[PDB]
Each structure stands twice: as structure tokens, then as C-alpha cells.
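Take a look at this single chain, the form solved without the partner chain, given in C-alpha cells.
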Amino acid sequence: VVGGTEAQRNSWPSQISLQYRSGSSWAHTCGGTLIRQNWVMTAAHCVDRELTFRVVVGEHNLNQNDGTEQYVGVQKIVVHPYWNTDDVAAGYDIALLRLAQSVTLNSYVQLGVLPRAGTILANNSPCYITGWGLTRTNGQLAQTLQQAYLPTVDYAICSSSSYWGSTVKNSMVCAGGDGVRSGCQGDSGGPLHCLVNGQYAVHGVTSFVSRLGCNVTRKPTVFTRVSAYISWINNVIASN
């Protein structure tokens, strides 16, 4: 997250760190949202590589003991069947991870609330991106979970020529684009949390930014629109 602030420890308890085994250690690679005690929602592109993955829930600082973490292996990966790794712009950037164990819920570990199917946010709706991704274009991962306030940019504006044009689909949510704050590498797969009727819900799964950089004016961060995938999500969980 570029232009973020440090999240309070208990603000976003559905945020997870998706990590891969790297020698004798583990490396953060993406975010995710805990949606059942044994299922995480993330981006398909996060799991294209043939790596060994684990999830950390109750994580705040990637590099220090928080006293709240639970570490769990990924048992099964279900990518959206229409995902194509060479065409992120086509959409379908979503995947579900079945965890080897069911995690325990508490003030640091909670299920993310998902929007009702079909819900589209009005232009300029209040949302926060969260993650441990790069804090500058071509920078380094954050140590502590970051948040940034990124208002939505509706499909009409986002798909206009000076924004993303044809690259953005109605199965996506755009947010931000102010040139100061944005998602960045390592935020992929994580939540976009939007306040609706007094409650935050996870409306987006972080998918991409501009090849030119993270915080680029009129290139808002682009997310998979969760409310487009509610039936798919339910179908996977019910058959697995």
C-alpha cells in the first residue's frame, strides 16, 4: 500500500497473509480474506506458481511476534475456471483456498462479510485497501499492516479513455487513482473494505495496478468485484 497509514491491530480481522515456502523460511506474497473458518478468498494470480503456500491469520507485523498469529497450511486451491494467467484484464482473478485446519475466531481473526450478489457501489464510495504490499513503486513490503482510503471510481469513469479504457470490466471495482495512494505489489488478493449501511464489507479482491507504477493518477487500483462471484463462491464451498 502506497500512501497508507498503519492499521490498528483489530480493525481488519479478516485480512490474512498468504505466504510461500522459501528455503528454511516463509515469504509474504499476497493478501486474502478469511471467509469461513477453513476458507480464504484471494486472487487467482497469487496462486499461479507451483509453490507451497500457508495462510497466517491474526497477523499484524510480518517480521515480529504479535502474540495473536495462527499459521495454517493450504490443503486445496480452487481457481475460477475462466481465469487466464496471460489475460488479467479479462477478469476472473479470484481463487478459494481450503485450509488444512479450521482457525479459531477472536478479535484478531474474524470472517469477512461479503456484499449481496449484484451490489454495485455509487461513484466515490468510501473504502479502505489493506495490505503488506510495497509502500512505494519498486519499493519494499510493509512490516506492519497498512490501510489507505481509496474511494470507488465507477465503471463509466474507470473504463473511460484517460482512466483504464477497455482494460476494466464491469466484473471489477476501481478505487483510488489520486496519484498518492494505491495498492501495490504484495497487496494482491487482499480486501477492499467498503462501508455500506454502517457495516464494512469486502467488495474487492486486489487484482492489478498500472505497469507504469502503483500510485498513478487516473490509474486507480483494480479489484475483482466480489458481488459478481457470490454464487461461484457458495458453489465451491458447498462442493468441497
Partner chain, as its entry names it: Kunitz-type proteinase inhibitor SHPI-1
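Residue numbers count along the first chain shown, from 1.
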| query | finding |
| --- | --- |
| Between the two ranges 16 to 24 and 213 to 221, the one averaging a larger CA B factor in the entry | 16 to 24 |
| Per the entry, higher mean C-alpha B factor between 66 to 74 and 39 to 47 | 66 to 74 |
| 118, 81, 131, 139, ranked by C-alpha B-factor: the highest one | 81 |
| Largest Cα B-factor, entry values, listed residues 148, 105, 96, 145 | 105 |
| Residue 1 by Cα B-factor - lowest, middle or highest third of the modelled chain | lowest |
| Lowest, middle or highest third - CA B-factor, residue 127 | lowest |
| Entry-reported Cα temperature factor of residue 198, expressed as the chain third it lands in | highest |
| Third of the chain's Cα B-factor distribution that residue 52 belongs to, per the entry | highest |
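The protein also exists as the form deposited with the partner chain bound; that form is not presented, and the subsequent description refers to it.
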| query | finding |
| --- | --- |
| Among 208 to 216, 64 to 72, 32 to 40, 195 to 203, the region lying within 4.5 Å of the partner chain in the entry with it bound by heavy atom distance | 208 to 216 |
| One residue of 109, 141, 78, 120 in contact with the partner chain, assessed in the entry with it bound (non-hydrogen atom, 4.5 angstroms) | 141 |
| In the entry with it bound, the residue from 145, 127, 114, 134 that sits within 4.5 Å of the partner chain by heavy atoms | 134 |
| The partner chain in the entry with it bound: contacted by all of 46, 49 and 89, heavy atom 4.5 Å | yes |
| Close approach of residue 232 to the partner chain in the entry with it bound, 4.5 Å, heavy atom | no |
| In the entry with it bound, residue 191 touching the partner chain (heavy atom, 4.5 Å) | no |
| Touches the partner chain in the entry with it bound: residue 54 (any heavy atom, 4.5 Å) | no |
| Close approach of residue 149 to the partner chain in the entry with it bound, 4.5 Å, heavy atom | no |
| Contact set, 173 to 196 vs the partner chain in the entry with it bound - heavy atom within 4.5 angstroms | 183, 184, 185, 186, 187, 188 |
